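Presented below, as structure tokens, is a lone chain in the form deposited without the named molecule.
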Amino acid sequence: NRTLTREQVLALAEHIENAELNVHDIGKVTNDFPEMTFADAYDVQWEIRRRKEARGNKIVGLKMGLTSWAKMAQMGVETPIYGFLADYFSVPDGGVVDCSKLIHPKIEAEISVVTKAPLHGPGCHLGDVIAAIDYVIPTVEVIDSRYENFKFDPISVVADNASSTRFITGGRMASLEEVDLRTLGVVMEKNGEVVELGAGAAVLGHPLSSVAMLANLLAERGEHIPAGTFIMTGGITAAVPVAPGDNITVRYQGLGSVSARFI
């Protein structure tokens, strides 16, 4: 189920990460390696993780992509995808994002959770996740595909760490008792303009299910979700471009707001 040699994985991971580190967009790697499988792409992504860990970055969480059934079908995929978060991805609520360090960033409103118990697959589901949640926390992701290409290419995107680049936690944390995630309304404003609306159920029908899918995806590689893991469950709103000078504020129903300033 793999077509990349070890040397190719290592080279691809270096190439792709270099696009992020040097803020330089590249051609999607599936154009040069069309035989690349998702397993290949995850091999590349996890090698990027190791590259970051090797230079001392902490891996501080995981994020989900393609958490819309409709988008999955249109991307021809059967499950979401995931990526990892590095420490330097983190932006404090109200904080600054330096667009000169990014290629073509977009933001999306999400709900993250931190688990208090381990989750594993296969066959993990909502019941398991619900019992394992410590708290939830409003989070806006800044995603930035390192590819110059227009059309989404899920295998390339996976290899590019699911386009992860920054995340902004904010608003108020709550326990699952205090929030109904399916009906959790989200309003994204950019420069004062309401640009996107969404409700938590836009993530699979239930945002917490994304965490179960994450556990099941991880199980395929003999991995699981340790207790204490921070997971961004997926895009509640469509992704919205941001540019220097933009200020954004995402309002979470009953959970305050997340904001960020782009320069």
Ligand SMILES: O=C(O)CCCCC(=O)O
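One rule holds for the numbers: they count along the sequence shown, beginning at 1. Superpose the two forms; the largest set of C-alphas matching within 1.5 Å is the rigid core. Residues that one form lacks are left out of the comparison.
Just so it is clear, the following notes concern the form solved in complex with the named molecule, a form of the same protein that is not shown.
Quiz item: Tell me which of 24-32, 206-214, 40-48, 58-66 has residues with heavy atoms within 4.5 angstroms of the named molecule in the deposited complex?
Solution: Within 4.5 Å of the partner lies stretch 58-66.
Quiz item: Is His125 one of the residues lying within 4.5 Å of the named molecule in the deposited complex, judged by heavy atom distances?
Solution: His125 lies outside the contact set for the named molecule.
Quiz item: Is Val186 close enough to touch the named molecule in the deposited complex, meaning at least one heavy atom pair within 4.5 Å?
Solution: Result no; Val186 lies far from the named molecule in the deposited complex.
Quiz item: Is there any non-hydrogen atom of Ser156 lying within 4.5 Å of the named molecule in the deposited complex?
Solution: Heavy-atom contact with the named molecule at 4.5 Å: absent for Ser156.
Exercise. Spell out, yes or no, whether the shortest heavy atom distance between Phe152 and the named molecule in the deposited complex is within 4.5 Å.
Key: Judged by the heavy-atom cut-off of 4.5 Å, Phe152 is in contact with the named molecule in the deposited complex.
Quiz item: Are all three of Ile111, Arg172 and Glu196 close to the named molecule in the deposited complex, meaning a heavy atom of each within 4.5 Å?
Solution: The answer is no: none of the three residues contacts the partner (heavy atom, 4.5 Å cut-off).
Quiz item: Within 4.5 Å of the named molecule in the deposited complex, heavy atoms considered, which of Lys101, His120, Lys71, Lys116?
Solution: Exactly one listed residue reaches within 4.5 Å, namely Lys71.
Quiz item: the named molecule isn't shown here, but in the deposited complex which of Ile168, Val136, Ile143, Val129 has a heavy atom within 4.5 Å of it?
Solution: Exactly one listed residue reaches within 4.5 Å, namely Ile143.
Exercise. Determine the residues of 153-180 with a heavy atom within 4.5 Å of the named molecule in the deposited complex and present them in sequence order; the list may be empty.
Key: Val157, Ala162, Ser163, in sequence order.
Quiz item: Once the rigid core is lined up, which stretches of 3 or more residues in a row have C-alphas that move 2 Å or more between this form and the one not shown?
Solution: Run shifting 2 Å or more: just 149-152.
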